[PDB]
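Structure file structure38.csv (CSV, N, CA and C atoms) is printed below.
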```
chain,number,residue,atom,x,y,z
A,1,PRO,N,-15.4,-95.3,5.7
A,1,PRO,CA,-14.6,-95.9,4.5
A,1,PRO,C,-15.3,-95.6,3.2
A,2,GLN,N,-16.5,-96.1,3.1
A,2,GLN,CA,-17.3,-96.1,1.8
A,2,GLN,C,-17.9,-94.7,1.5
A,3,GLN,N,-17.9,-93.8,2.4
A,3,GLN,CA,-18.5,-92.4,2.2
A,3,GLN,C,-17.9,-91.7,1.0
A,4,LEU,N,-16.5,-91.8,0.9
A,4,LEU,CA,-15.7,-91.1,-0.1
A,4,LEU,C,-16.2,-91.5,-1.5
A,5,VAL,N,-16.4,-92.8,-1.8
A,5,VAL,CA,-16.8,-93.3,-3.1
A,5,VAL,C,-18.3,-93.0,-3.3
A,6,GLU,N,-19.1,-93.2,-2.2
A,6,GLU,CA,-20.6,-93.0,-2.3
A,6,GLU,C,-21.0,-91.6,-2.7
A,7,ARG,N,-20.5,-90.6,-2.0
A,7,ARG,CA,-20.7,-89.1,-2.4
A,7,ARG,C,-20.2,-88.8,-3.8
A,8,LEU,N,-19.1,-89.4,-4.2
A,8,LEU,CA,-18.4,-89.1,-5.4
A,8,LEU,C,-19.3,-89.5,-6.6
A,9,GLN,N,-20.0,-90.7,-6.5
A,9,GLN,CA,-20.9,-91.2,-7.5
A,9,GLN,C,-22.2,-90.3,-7.6
A,10,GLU,N,-22.7,-89.9,-6.4
A,10,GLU,CA,-23.9,-89.1,-6.3
A,10,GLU,C,-23.8,-87.7,-7.1
A,11,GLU,N,-22.6,-87.2,-7.1
A,11,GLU,CA,-22.2,-86.0,-7.8
A,11,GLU,C,-21.9,-86.3,-9.3
A,12,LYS,N,-20.9,-87.2,-9.5
A,12,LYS,CA,-20.2,-87.4,-10.8
A,12,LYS,C,-21.1,-88.0,-11.9
A,13,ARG,N,-22.3,-88.5,-11.5
A,13,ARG,CA,-23.3,-89.1,-12.4
A,13,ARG,C,-23.7,-88.2,-13.6
A,14,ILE,N,-23.5,-86.9,-13.5
A,14,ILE,CA,-23.8,-85.8,-14.5
A,14,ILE,C,-22.8,-85.9,-15.7
A,15,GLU,N,-21.6,-86.6,-15.5
A,15,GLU,CA,-20.4,-86.5,-16.4
A,15,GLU,C,-20.7,-87.0,-17.8
A,16,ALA,N,-21.7,-87.9,-18.0
A,16,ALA,CA,-22.2,-88.4,-19.3
A,16,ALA,C,-22.6,-87.3,-20.2
A,17,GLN,N,-23.0,-86.1,-19.6
A,17,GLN,CA,-23.4,-84.9,-20.4
A,17,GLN,C,-22.4,-83.8,-20.2
A,18,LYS,N,-22.2,-83.4,-18.9
A,18,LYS,CA,-21.6,-82.1,-18.5
A,18,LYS,C,-20.0,-82.2,-18.5
A,19,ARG,N,-19.5,-83.4,-18.4
A,19,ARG,CA,-18.0,-83.6,-18.5
A,19,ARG,C,-17.5,-83.7,-20.0
A,20,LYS,N,-18.4,-83.3,-20.9
A,20,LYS,CA,-18.1,-83.2,-22.4
A,20,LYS,C,-16.7,-82.6,-22.6
A,21,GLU,N,-15.7,-83.5,-22.8
A,21,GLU,CA,-14.3,-83.2,-22.9
A,21,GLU,C,-14.0,-82.4,-24.2
A,22,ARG,N,-13.7,-81.1,-24.1
A,22,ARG,CA,-13.4,-80.2,-25.2
A,22,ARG,C,-12.4,-79.2,-24.8
A,23,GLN,N,-12.0,-78.2,-25.7
A,23,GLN,CA,-11.0,-77.2,-25.4
A,23,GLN,C,-11.6,-76.1,-24.5
A,24,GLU,N,-10.8,-75.1,-24.2
A,24,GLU,CA,-11.2,-73.9,-23.4
A,24,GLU,C,-12.2,-73.1,-24.2
A,25,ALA,N,-13.4,-72.8,-23.5
A,25,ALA,CA,-14.5,-72.1,-24.1
A,25,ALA,C,-15.3,-71.5,-23.0
A,26,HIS,N,-16.7,-71.3,-23.2
A,26,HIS,CA,-17.6,-70.8,-22.2
A,26,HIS,C,-17.7,-71.7,-20.9
A,27,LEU,N,-17.0,-72.8,-21.0
A,27,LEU,CA,-16.8,-73.8,-19.9
A,27,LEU,C,-15.8,-73.2,-18.8
A,28,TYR,N,-15.3,-72.0,-19.1
A,28,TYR,CA,-14.4,-71.2,-18.3
A,28,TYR,C,-15.0,-70.8,-16.9
A,29,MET,N,-15.9,-71.6,-16.3
A,29,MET,CA,-16.6,-71.3,-15.0
A,29,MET,C,-15.8,-70.4,-14.1
A,30,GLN,N,-16.4,-69.3,-13.6
A,30,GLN,CA,-15.7,-68.4,-12.8
A,30,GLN,C,-15.9,-68.8,-11.3
A,31,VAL,N,-14.9,-68.7,-10.5
A,31,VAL,CA,-14.9,-69.1,-9.1
A,31,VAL,C,-14.3,-67.9,-8.2
A,32,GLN,N,-15.1,-67.4,-7.3
A,32,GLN,CA,-14.7,-66.3,-6.4
A,32,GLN,C,-13.9,-66.8,-5.2
A,33,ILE,N,-12.6,-66.5,-5.1
A,33,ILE,CA,-11.8,-67.0,-4.1
A,33,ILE,C,-11.3,-65.8,-3.3
A,34,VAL,N,-11.2,-66.0,-1.9
A,34,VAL,CA,-10.5,-65.1,-1.0
A,34,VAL,C,-9.6,-65.9,0.0
A,35,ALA,N,-8.4,-65.4,0.2
A,35,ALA,CA,-7.5,-65.9,1.2
A,35,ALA,C,-7.6,-65.0,2.4
A,36,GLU,N,-7.0,-65.4,3.6
A,36,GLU,CA,-6.9,-64.7,4.8
A,36,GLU,C,-5.6,-64.9,5.5
A,37,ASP,N,-4.9,-63.9,5.9
A,37,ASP,CA,-3.6,-63.9,6.5
A,37,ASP,C,-3.7,-64.1,8.0
A,38,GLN,N,-4.9,-63.7,8.6
A,38,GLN,CA,-5.1,-63.6,10.1
A,38,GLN,C,-4.8,-64.9,10.8
A,39,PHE,N,-5.2,-66.1,10.2
A,39,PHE,CA,-4.9,-67.4,10.7
A,39,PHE,C,-3.4,-67.9,10.5
A,40,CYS,N,-2.5,-67.0,10.2
A,40,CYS,CA,-1.1,-67.4,9.9
A,40,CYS,C,-0.1,-66.2,10.1
A,41,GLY,N,-0.1,-65.3,9.1
A,41,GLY,CA,1.0,-64.3,8.9
A,41,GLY,C,1.0,-63.1,9.9
A,42,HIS,N,-0.3,-62.7,10.3
A,42,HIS,CA,-0.5,-61.6,11.3
A,42,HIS,C,-0.3,-60.2,10.7
A,43,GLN,N,-0.1,-60.1,9.4
A,43,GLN,CA,-0.2,-58.8,8.6
A,43,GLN,C,-1.7,-58.4,8.4
A,44,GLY,N,-2.2,-57.6,9.4
A,44,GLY,CA,-3.5,-57.1,9.3
A,44,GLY,C,-3.6,-55.7,8.7
A,45,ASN,N,-2.8,-55.5,7.7
A,45,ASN,CA,-2.6,-54.2,7.0
A,45,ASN,C,-3.8,-53.9,6.0
A,46,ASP,N,-3.9,-52.7,5.6
A,46,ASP,CA,-4.9,-52.2,4.6
A,46,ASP,C,-4.3,-51.8,3.3
A,47,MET,N,-3.1,-52.2,3.1
A,47,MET,CA,-2.3,-51.9,1.8
A,47,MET,C,-2.7,-53.0,0.7
A,48,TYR,N,-1.8,-53.2,-0.3
A,48,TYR,CA,-2.0,-54.3,-1.3
A,48,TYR,C,-1.5,-55.6,-0.6
A,49,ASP,N,-2.4,-56.1,0.3
A,49,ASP,CA,-2.3,-57.4,0.9
A,49,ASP,C,-2.8,-58.5,-0.1
A,50,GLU,N,-1.8,-59.2,-0.8
A,50,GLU,CA,-2.1,-60.3,-1.7
A,50,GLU,C,-2.9,-61.5,-1.0
A,51,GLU,N,-2.9,-61.4,0.3
A,51,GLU,CA,-3.7,-62.3,1.2
A,51,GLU,C,-5.2,-61.8,1.1
A,52,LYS,N,-5.5,-60.6,1.5
A,52,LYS,CA,-6.8,-60.0,1.6
A,52,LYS,C,-7.1,-59.1,0.4
A,53,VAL,N,-6.7,-59.5,-0.8
A,53,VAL,CA,-7.1,-58.8,-2.1
A,53,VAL,C,-8.6,-59.1,-2.4
A,54,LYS,N,-9.1,-58.4,-3.4
A,54,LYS,CA,-10.5,-58.6,-3.9
A,54,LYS,C,-10.7,-60.0,-4.4
A,55,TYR,N,-12.0,-60.4,-4.5
A,55,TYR,CA,-12.4,-61.7,-4.9
A,55,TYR,C,-11.7,-62.1,-6.2
A,56,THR,N,-10.7,-62.9,-6.1
A,56,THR,CA,-9.9,-63.4,-7.2
A,56,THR,C,-10.7,-64.5,-8.0
A,57,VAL,N,-11.1,-64.1,-9.2
A,57,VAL,CA,-12.0,-64.8,-10.0
A,57,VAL,C,-11.1,-65.7,-11.0
A,58,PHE,N,-11.1,-67.0,-10.7
A,58,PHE,CA,-10.4,-68.0,-11.6
A,58,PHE,C,-11.4,-68.6,-12.5
A,59,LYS,N,-11.2,-68.3,-13.8
A,59,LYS,CA,-12.1,-68.8,-14.9
A,59,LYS,C,-11.5,-70.0,-15.5
A,60,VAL,N,-12.0,-71.2,-15.2
A,60,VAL,CA,-11.4,-72.5,-15.5
A,60,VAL,C,-12.5,-73.5,-15.9
A,61,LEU,N,-12.1,-74.7,-16.5
A,61,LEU,CA,-13.0,-75.6,-17.1
A,61,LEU,C,-13.8,-76.4,-16.0
A,62,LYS,N,-15.1,-76.1,-16.0
A,62,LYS,CA,-16.1,-76.9,-15.1
A,62,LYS,C,-16.1,-78.3,-15.5
A,63,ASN,N,-16.0,-78.6,-16.8
A,63,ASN,CA,-16.0,-80.0,-17.3
A,63,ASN,C,-14.7,-80.8,-17.1
A,64,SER,N,-13.7,-80.1,-16.6
A,64,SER,CA,-12.4,-80.7,-16.2
A,64,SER,C,-12.3,-80.8,-14.7
A,65,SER,N,-11.2,-81.5,-14.2
A,65,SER,CA,-11.0,-81.8,-12.8
A,65,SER,C,-10.7,-80.5,-11.9
A,66,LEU,N,-11.1,-80.6,-10.7
A,66,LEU,CA,-10.8,-79.6,-9.6
A,66,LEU,C,-9.2,-79.6,-9.4
A,67,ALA,N,-8.5,-80.7,-9.8
A,67,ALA,CA,-7.1,-80.9,-9.7
A,67,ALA,C,-6.3,-79.7,-10.4
A,68,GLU,N,-6.8,-79.3,-11.6
A,68,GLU,CA,-6.2,-78.2,-12.4
A,68,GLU,C,-6.4,-76.9,-11.6
A,69,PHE,N,-7.6,-76.7,-11.0
A,69,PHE,CA,-7.9,-75.5,-10.2
A,69,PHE,C,-6.9,-75.5,-8.9
A,70,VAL,N,-6.7,-76.6,-8.3
A,70,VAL,CA,-5.8,-76.7,-7.1
A,70,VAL,C,-4.4,-76.3,-7.4
A,71,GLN,N,-3.8,-76.8,-8.5
A,71,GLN,CA,-2.4,-76.5,-8.9
A,71,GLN,C,-2.2,-75.0,-9.3
A,72,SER,N,-3.3,-74.5,-9.9
A,72,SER,CA,-3.4,-73.0,-10.3
A,72,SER,C,-3.4,-72.1,-9.1
A,73,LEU,N,-4.2,-72.5,-8.1
A,73,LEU,CA,-4.4,-71.7,-6.8
A,73,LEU,C,-3.1,-71.9,-6.0
A,74,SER,N,-2.4,-73.0,-6.1
A,74,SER,CA,-1.1,-73.3,-5.4
A,74,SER,C,0.0,-72.3,-5.8
A,75,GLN,N,0.1,-72.1,-7.1
A,75,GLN,CA,1.2,-71.2,-7.7
A,75,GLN,C,0.9,-69.7,-7.4
A,76,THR,N,-0.4,-69.3,-7.5
A,76,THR,CA,-0.8,-67.9,-7.5
A,76,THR,C,-0.7,-67.3,-6.0
A,77,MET,N,-1.0,-68.1,-5.0
A,77,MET,CA,-1.0,-67.6,-3.6
A,77,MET,C,0.3,-68.2,-2.8
A,78,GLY,N,0.8,-69.3,-3.3
A,78,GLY,CA,1.9,-70.0,-2.6
A,78,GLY,C,1.5,-71.0,-1.6
A,79,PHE,N,0.2,-71.4,-1.7
A,79,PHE,CA,-0.3,-72.5,-0.8
A,79,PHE,C,0.1,-73.9,-1.3
A,80,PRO,N,0.5,-74.8,-0.5
A,80,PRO,CA,0.8,-76.2,-0.9
A,80,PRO,C,-0.5,-76.9,-1.4
A,81,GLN,N,-0.5,-77.4,-2.7
A,81,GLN,CA,-1.6,-78.0,-3.4
A,81,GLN,C,-2.2,-79.2,-2.6
A,82,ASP,N,-1.4,-79.9,-1.9
A,82,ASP,CA,-1.8,-81.1,-1.1
A,82,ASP,C,-2.6,-80.6,0.1
A,83,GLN,N,-2.4,-79.3,0.5
A,83,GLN,CA,-3.2,-78.7,1.7
A,83,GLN,C,-4.2,-77.7,1.2
A,84,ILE,N,-4.5,-77.6,-0.1
A,84,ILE,CA,-5.6,-76.6,-0.5
A,84,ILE,C,-6.9,-77.2,-0.2
A,85,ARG,N,-7.5,-76.8,0.9
A,85,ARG,CA,-8.9,-77.1,1.2
A,85,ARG,C,-9.8,-75.9,0.8
A,86,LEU,N,-10.8,-76.3,0.0
A,86,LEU,CA,-11.9,-75.3,-0.5
A,86,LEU,C,-13.0,-75.3,0.6
A,87,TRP,N,-13.5,-74.2,0.9
A,87,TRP,CA,-14.6,-74.0,1.9
A,87,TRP,C,-15.7,-73.3,1.1
A,88,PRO,N,-16.9,-73.9,0.9
A,88,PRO,CA,-18.0,-73.2,0.1
A,88,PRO,C,-18.7,-72.2,0.9
A,89,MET,N,-19.3,-71.2,0.3
A,89,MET,CA,-20.2,-70.2,1.0
A,89,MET,C,-21.5,-70.8,1.4
A,90,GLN,N,-22.1,-70.3,2.5
A,90,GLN,CA,-23.4,-70.7,3.0
A,90,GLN,C,-24.1,-69.4,3.5
A,91,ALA,N,-25.3,-69.6,4.1
A,91,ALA,CA,-26.0,-68.5,4.8
A,91,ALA,C,-25.3,-68.2,6.1
A,92,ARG,N,-24.1,-67.7,6.0
A,92,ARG,CA,-23.2,-67.5,7.2
A,92,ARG,C,-23.5,-66.2,7.8
A,93,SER,N,-24.3,-66.2,8.8
A,93,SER,CA,-24.8,-65.0,9.6
A,93,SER,C,-25.2,-65.5,11.0
A,94,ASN,N,-25.8,-64.6,11.8
A,94,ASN,CA,-26.5,-64.9,13.1
A,94,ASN,C,-27.7,-65.8,12.8
A,95,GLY,N,-27.6,-67.1,13.2
A,95,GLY,CA,-28.7,-68.1,12.9
A,95,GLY,C,-28.2,-69.4,12.3
A,96,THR,N,-27.1,-69.2,11.5
A,96,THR,CA,-26.5,-70.4,10.8
A,96,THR,C,-25.0,-70.0,10.5
A,97,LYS,N,-24.1,-70.8,11.0
A,97,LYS,CA,-22.7,-70.8,10.6
A,97,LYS,C,-22.2,-72.2,10.5
A,98,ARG,N,-22.3,-72.9,9.4
A,98,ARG,CA,-21.7,-74.2,9.2
A,98,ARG,C,-20.5,-74.2,8.2
A,99,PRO,N,-19.3,-73.9,8.7
A,99,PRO,CA,-18.1,-73.9,7.9
A,99,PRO,C,-17.4,-75.3,7.8
A,100,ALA,N,-17.2,-75.9,6.6
A,100,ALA,CA,-16.5,-77.2,6.5
A,100,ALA,C,-15.8,-77.2,5.1
A,101,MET,N,-14.7,-78.0,5.0
A,101,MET,CA,-13.9,-78.1,3.8
A,101,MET,C,-14.6,-79.2,2.9
A,102,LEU,N,-14.2,-79.1,1.6
A,102,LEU,CA,-14.5,-80.2,0.7
A,102,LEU,C,-13.6,-81.4,0.9
A,103,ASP,N,-14.2,-82.6,0.6
A,103,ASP,CA,-13.4,-83.9,0.7
A,103,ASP,C,-12.3,-83.9,-0.3
A,104,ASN,N,-11.0,-83.6,0.3
A,104,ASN,CA,-9.8,-83.5,-0.6
A,104,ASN,C,-9.5,-84.7,-1.4
A,105,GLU,N,-10.1,-85.9,-1.0
A,105,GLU,CA,-10.1,-87.2,-1.8
A,105,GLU,C,-10.9,-87.0,-3.1
A,106,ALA,N,-12.2,-86.8,-3.0
A,106,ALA,CA,-13.1,-86.7,-4.1
A,106,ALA,C,-12.9,-85.4,-5.0
A,107,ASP,N,-12.8,-84.3,-4.2
A,107,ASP,CA,-12.8,-83.0,-4.7
A,107,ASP,C,-11.4,-82.4,-5.1
A,108,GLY,N,-10.6,-83.4,-5.5
A,108,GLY,CA,-9.3,-83.1,-6.2
A,108,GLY,C,-9.0,-84.0,-7.3
A,109,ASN,N,-10.0,-84.9,-7.6
A,109,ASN,CA,-9.9,-86.0,-8.6
A,109,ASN,C,-11.0,-85.8,-9.7
A,110,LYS,N,-12.2,-85.4,-9.3
A,110,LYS,CA,-13.4,-85.3,-10.3
A,110,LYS,C,-13.6,-83.8,-10.7
A,111,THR,N,-14.7,-83.5,-11.5
A,111,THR,CA,-14.9,-82.2,-12.1
A,111,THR,C,-15.4,-81.2,-11.0
A,112,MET,N,-15.2,-79.9,-11.2
A,112,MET,CA,-15.6,-78.8,-10.3
A,112,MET,C,-17.0,-78.4,-10.4
A,113,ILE,N,-17.7,-78.9,-11.5
A,113,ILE,CA,-19.1,-78.6,-11.8
A,113,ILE,C,-20.1,-79.2,-10.7
A,114,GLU,N,-19.6,-80.3,-10.2
A,114,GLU,CA,-20.4,-81.2,-9.2
A,114,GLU,C,-20.5,-80.5,-7.9
A,115,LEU,N,-19.5,-79.6,-7.6
A,115,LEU,CA,-19.3,-78.9,-6.3
A,115,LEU,C,-20.1,-77.6,-6.4
A,116,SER,N,-19.9,-76.9,-7.6
A,116,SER,CA,-20.5,-75.5,-7.8
A,116,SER,C,-22.0,-75.6,-7.9
A,117,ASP,N,-22.6,-76.7,-8.4
A,117,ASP,CA,-24.0,-76.8,-8.8
A,117,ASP,C,-24.3,-75.8,-9.9
A,118,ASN,N,-23.4,-75.8,-10.9
A,118,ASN,CA,-23.5,-75.1,-12.2
A,118,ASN,C,-23.6,-73.6,-12.1
A,119,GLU,N,-23.1,-73.0,-10.9
A,119,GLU,CA,-23.1,-71.5,-10.7
A,119,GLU,C,-21.8,-70.9,-11.0
A,120,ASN,N,-21.7,-69.6,-11.3
A,120,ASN,CA,-20.5,-68.8,-11.5
A,120,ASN,C,-20.9,-67.3,-11.4
A,121,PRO,N,-20.1,-66.5,-10.6
A,121,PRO,CA,-18.9,-67.0,-9.9
A,121,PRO,C,-19.2,-67.6,-8.5
A,122,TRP,N,-18.7,-68.9,-8.3
A,122,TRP,CA,-18.9,-69.7,-7.1
A,122,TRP,C,-18.0,-69.2,-6.0
A,123,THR,N,-18.6,-68.7,-4.9
A,123,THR,CA,-17.8,-68.1,-3.8
A,123,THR,C,-17.3,-69.2,-2.8
A,124,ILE,N,-16.0,-69.0,-2.5
A,124,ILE,CA,-15.2,-70.0,-1.7
A,124,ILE,C,-14.1,-69.3,-0.9
A,125,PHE,N,-13.7,-69.9,0.2
A,125,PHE,CA,-12.6,-69.5,1.1
A,125,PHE,C,-11.4,-70.5,1.0
A,126,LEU,N,-10.2,-70.1,1.0
A,126,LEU,CA,-9.0,-71.0,0.9
A,126,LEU,C,-8.5,-71.3,2.3
A,127,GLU,N,-8.1,-72.5,2.5
A,127,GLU,CA,-7.5,-73.0,3.8
A,127,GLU,C,-6.2,-73.8,3.5
A,128,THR,N,-5.2,-73.7,4.4
A,128,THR,CA,-3.9,-74.4,4.3
A,128,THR,C,-3.9,-75.7,5.2
```
Would you mind giving the structure from this file in structure tokens?
Amino acid sequence: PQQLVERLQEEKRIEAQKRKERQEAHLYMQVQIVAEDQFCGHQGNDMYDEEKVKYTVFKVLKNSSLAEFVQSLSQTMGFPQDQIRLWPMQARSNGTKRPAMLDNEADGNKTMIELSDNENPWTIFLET
């Protein structure tokens, strides 16, 4: 129950400085996104697959909510925003493979800087 609010505080504490509410600027944090058709459509083609296109870099406000990123990603790929699960990159090789989604509760309400750890372009996989 309490894990959702606990984790959210541990991250969001930076907001007194980094959530500095302003216009679009260098706060345009880049995020590397890739989708995959294999787990749904079965189009395993080598053409212009809008599924398996190059790392789609969305440059958006780190100081603003992940909610704006979700709705943007929803329209561009056609994924339901309620079902947009973000999966962060790890040391994903022989020795370590820990794939998990972000908490859709916390990580659709607070800022995306808390999740990135102030890096750009932040590599991520999209899930429905």
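All residues of protein, DNA or RNA that reach within 8 Å of region 82-84 of chain A, judged by all atoms listed in the file and not counting those fewer than 6 positions away in the chain, are residues 70, 71, 73, 74, 102, 104, 126, 127 and 128 of chain A.
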Strand (DSSP E) residues, from DSSP on the backbone, in region 7-90 of chain A, as number ranges by chain:
A: 30-34, 56-59, 85-88
Which residues, protein or nucleic acid, reach to within 6 Å of (-17.2, -74.2, 1.0) in the file's coordinates when using all atoms listed in the file, and can you give that as a ChimeraX atom specification?
/A:86-89,100-102,124-125
For residue 66 (chain A), which residue out of A:81, A:116, A:90, A:111 is the nearest one, using all atoms listed in the file?
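Checking each candidate against residue 66 (chain A), we get A:111 as the closest.
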Between CA of residue 37 (chain A) and atom C of residue 114 (chain A), distance in Å (one decimal)
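Between these atoms lies a distance of 27.7 Å.
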Report, in Å with one decimal, the straight-line distance from atom N of residue 62 (chain A) to atom N of residue 29 (chain A).
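Between atom N of residue 62 (chain A) and atom N of residue 29 (chain A) the gap works out to 4.6 Å.
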Nearest residue to residue 107 (chain A) from the set A:67, A:91, A:77, A:57 (distances using all atoms listed in the file)
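Among the listed residues, the smallest separation from residue 107 (chain A) belongs to A:67.
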Considering only C-alpha atoms, state which residue in the set A:76, A:7, A:64, A:14 is at the smallest distance from residue 105 (chain A).
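Result for the nearest residue to residue 105 (chain A): A:7.
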DSSP says helix (DSSP H, G or I) for which residues of region 91-121 of chain A? Put them as a tab-separated table (two decimals) with N, CA and C atoms, in the coordinates of the input?
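Output file states-v3.tsv follows:
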```tsv
chain	number	residue	atom	x	y	z
A	106	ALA	N	-12.20	-86.80	-3.00
A	106	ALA	CA	-13.10	-86.70	-4.10
A	106	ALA	C	-12.90	-85.40	-5.00
A	107	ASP	N	-12.80	-84.30	-4.20
A	107	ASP	CA	-12.80	-83.00	-4.70
A	107	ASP	C	-11.40	-82.40	-5.10
A	108	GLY	N	-10.60	-83.40	-5.50
A	108	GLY	CA	-9.30	-83.10	-6.20
A	108	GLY	C	-9.00	-84.00	-7.30
A	113	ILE	N	-17.70	-78.90	-11.50
A	113	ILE	CA	-19.10	-78.60	-11.80
A	113	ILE	C	-20.10	-79.20	-10.70
A	114	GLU	N	-19.60	-80.30	-10.20
A	114	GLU	CA	-20.40	-81.20	-9.20
A	114	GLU	C	-20.50	-80.50	-7.90
A	115	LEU	N	-19.50	-79.60	-7.60
A	115	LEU	CA	-19.30	-78.90	-6.30
A	115	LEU	C	-20.10	-77.60	-6.40
A	116	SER	N	-19.90	-76.90	-7.60
A	116	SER	CA	-20.50	-75.50	-7.80
A	116	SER	C	-22.00	-75.60	-7.90
```
Which residue, A:13, A:110, A:19, A:52, has the smallest gap to residue 35 (chain A) when you use only C-alpha atoms?
A:52
Please identify all polymer residues within 9 Å of residue 60 (chain A), counting only C-alpha atoms, omitting same-chain residues fewer than 5 positions from it, and present them as a list in words.
residues 24, 27, 28, 29, 30, 31, 68 and 69 of chain A
To one decimal place in Å, what is the distance between atom C of residue 92 (chain A) and atom C of residue 9 (chain A)?
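Those two atoms sit 28.6 Å apart.
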Ranking A:65, A:45, A:32, A:38 by minimum distance to residue 109 (chain A) and counting only C-alpha atoms, which one comes first?
A:65
Identify which of the residues A:36, A:21, A:46, A:11 lies closest to residue 113 (chain A), counting all atoms listed in the file when measuring atom-to-atom distances.
A:11
